[PDB]
Amino acid sequence: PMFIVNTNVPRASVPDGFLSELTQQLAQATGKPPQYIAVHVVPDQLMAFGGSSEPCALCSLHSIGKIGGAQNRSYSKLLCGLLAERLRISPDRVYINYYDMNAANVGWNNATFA
Amino acid sequence: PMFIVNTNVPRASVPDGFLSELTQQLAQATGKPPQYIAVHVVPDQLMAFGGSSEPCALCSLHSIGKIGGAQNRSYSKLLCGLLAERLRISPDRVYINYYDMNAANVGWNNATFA
Amino acid sequence: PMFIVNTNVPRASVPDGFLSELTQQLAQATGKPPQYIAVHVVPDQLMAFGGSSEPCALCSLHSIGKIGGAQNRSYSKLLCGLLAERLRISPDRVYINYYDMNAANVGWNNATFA
């Protein structure tokens with residue numbers, strides 16, 4: 001799985017250890033080993049949500065499976081929780097796009113996951 | 001809706017007010033309330049289009065519905081027009097990927113839109 | 001086609017000529033003329049792969065057709081090979097998400113590719 005968060009919160013406001021926390025929590029949530037979890041945090045962005053530049057985040061979770069209505073509700077609670085606690089972003093200023101990737105549409109280690 | 005633009009145009013070349021202009025015009029074009037429109041502009045990027053590093057942009061528009069051939073044509077005219085007028089990017093140097101998101105695949109405010 | 005690499009490798013480690021090399025090789029791999037290939041490299045990112053921050057990359061390749069299991073295996077060999085040779089990223093620390101875009105879902109030059 002791969003999780004990306006783009007935010008206007010400044011770099012100094014991202015706590016040390018945040019990448020590791022995301023990795024651990026996403027390994028637990030998705031059920032996948034942490035070795036297969038990739039995380040990417042992009043602070044200091046020029047962005048707005050609802051016309052406002054108060055803190056916000058635009059995120060993506062890509063996984064081969066482990067994506068669906070109920071799972072995505074749980075992921076949203078988890079990840080909005082983390083973003084609120086760690087980055088002080090209101091959950092109602094977070095969008096998370098979920099992508100259920102076909103194995104053959106993910107490249108890794110010179111080939112695909114098919 | 002979520003609109004992201006990545007460009008090699010420099011930050012100083014992005015006019016004041018641009019994120020609000022985008023928000024307003026996207027709310028109108030998609031029919032969605034402005035409170036649901038997110039916009040993100042990423043200048044000073046290392047990119048090329050057709051092998052050239054003249055001004056260009058790589059963009060995405062995600063929406064829960066309001067995506068299709070005629071709508072996307074309309075969006076492209078709008079957005080290429082704004083990138084040309086405001087960022088001086090030629091329309092033939094812009095790619096915009098459109099995504100029709102299922103409501104269950106968009107997280108927001110601790111849950112999804114499903 | 002549009003290729004985007006996000007990596008923690010520092011900008012100074014991206015060799016001169018890299019965007020052109022990507023453009024040339026992708027034109028060739030996809031069979032599409034280089035005038036239609038866009039490339040984007042984002043260095044200096046805050047990311048982790050498998051819980052660690054050695055060099056890694058998170059990438060995407062979007063194309064109107066030319067996407068499928070065999071083709072994507074070919075692309076992954078090519079692109080991991082370039083990322084290893086030029087950026088010294090291990091192929092096992094690269095993910096590439098592949099997207100087969102419908103022509104009507106790609107904006108360009110004030111309209112779509114439909």
Side-chain angles (χ1 to χ4, degrees), chain A residues 1-6 40 42 47-49 56-64 67-69 72 75-76 94-102 105-106, chain B residues 1-7 22-23 25-27 29-32 36-42 57-72 74-80 82-83 94-108 112-114, chain C residues 1-4 6 38 40 58-67 72 95-108 111-114:
Chain A
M2 162 183 10
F3 180 64
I4 309 155
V5 176
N6 304 268
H40 178 195
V42 192
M47 55 169 61
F49 193 115
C56 56
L58 303 178
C59 310
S60 297
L61 181 64
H62 296 76
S63 182
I64 300 166
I67 296 291
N72 297 353
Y75 297 144
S76 299
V94 174
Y95 278 150
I96 304 157
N97 287 142
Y98 294 98
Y99 302 87
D100 183 1
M101 300 299 295
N102 296 342
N105 291 330
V106 181
Chain B
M2 181 187 303
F3 179 64
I4 303 162
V5 43
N6 303 269
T7 181
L22 290 170
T23 300
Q25 297 195 21
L26 284 162
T30 61
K32 295 265 190 184
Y36 293 95
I37 302 290
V39 298
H40 179 193
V41 175
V42 192
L58 305 173
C59 311
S60 294
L61 182 67
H62 299 73
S63 183
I64 299 169
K66 307 293 192 60
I67 299 290
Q71 291 172 106
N72 297 353
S74 192
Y75 301 147
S76 298
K77 184 179 170 181
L78 169 70
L79 294 166
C80 293
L82 284 167
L83 296 169
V94 173
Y95 281 155
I96 309 162
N97 292 136
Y98 296 100
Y99 305 90
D100 185 357
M101 301 300 295
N102 188 289
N105 292 331
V106 179
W108 173 71
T112 71
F113 281 99
Chain C
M2 162 189 5
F3 179 66
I4 304 109
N6 296 272
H40 181 193
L58 301 174
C59 312
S60 315
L61 179 71
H62 297 77
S63 182
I64 299 168
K66 318 308 294 195
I67 297 289
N72 297 353
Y95 287 153
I96 306 161
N97 288 144
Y98 294 99
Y99 301 89
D100 186 359
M101 300 300 298
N102 294 340
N105 292 329
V106 180
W108 170 75
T112 72
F113 275 106

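All values below come from the heavy atoms of this structure, side chains included, with hydrogens, waters and symmetry mates left out. Every chain is numbered from 1, with letters handed out A, B, ... down the list of sequences.
Minimum interatomic distance between B:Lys66 and B:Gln71 (heavy atoms only, all atoms of both residues): CA-OE1, 3.4 Å. Heavy atoms only, all atoms of each residue included: B:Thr30 and B:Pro1 are closest at OG1-CG, 4.0 Å. Shown here for B:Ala29 and B:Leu78, the closest heavy-atom pair between the two residues is CB-CD2, 3.7 Å. Heavy atoms only, all atoms of each residue included: B:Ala38 and A:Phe49 are closest at CB-CD1, 4.1 Å. Residues B:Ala57 and B:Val5 share a closest heavy-atom pair of CB-CG2, 4.0 Å. Between C:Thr112 and C:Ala103, the shortest heavy-atom distance links the atoms CB-O, 3.8 Å.
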Q | Full working for side chain to side chain contact (heavy atoms under 4.5 Å, CB included) between B:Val94 and B:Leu79 | A | CA-CA 9 Å; B:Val94 173; B:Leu79 294 166; over 6 Å; no
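Contact annotation: the side chain of A:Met2 never approaches that of A:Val106 to less than 4.5 Å [non-hydrogen atoms, C-beta and beyond]. Residues B:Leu26 and B:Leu61 are in side-chain contact: their nearest non-hydrogen atoms beyond the backbone lie under 4.5 Å apart.
At least one donor-acceptor pair closer than 3.5 Å links the side chain of B:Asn6 to the backbone N or O of B:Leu58. Of the possible polar contacts, none joining the B:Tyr75 side chain to the C:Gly107 backbone as a donor-acceptor pair under 3.5 Å is found. In terms of modelled atom types and a separation under 3.5 Å, the side chain of B:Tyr98 and the main chain of C:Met101 share no donor-acceptor contact. At distances below 3.5 Å, at least one donor-acceptor pair connects side-chain atoms of B:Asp100 with backbone N or O atoms of B:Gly65.
Qualifying side chain to side chain contact (heavy atoms under 4.5 Å, CB included) partners for A:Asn102, counting only residues two or more places apart in sequence or in other chains: A:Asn105. For C:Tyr99, the side-chain hydrogen bond (donor to acceptor under 3.5 Å, both in side chains) criterion is met by A:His62, not counting sequence neighbours.
Between atom CD1 of residue C:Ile4 and atom OG of residue C:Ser60 there is a gap of 5.5 Å, rounded to the nearest 0.5 Å. Note that NE2 of C:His40 is 9.0 Å distant from OG1 of B:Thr7, once rounded to the nearest 0.5 Å. With rounding to the nearest 0.5 Å, the separation of OH in A:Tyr95 from CZ in B:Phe113 is 4.5 Å.
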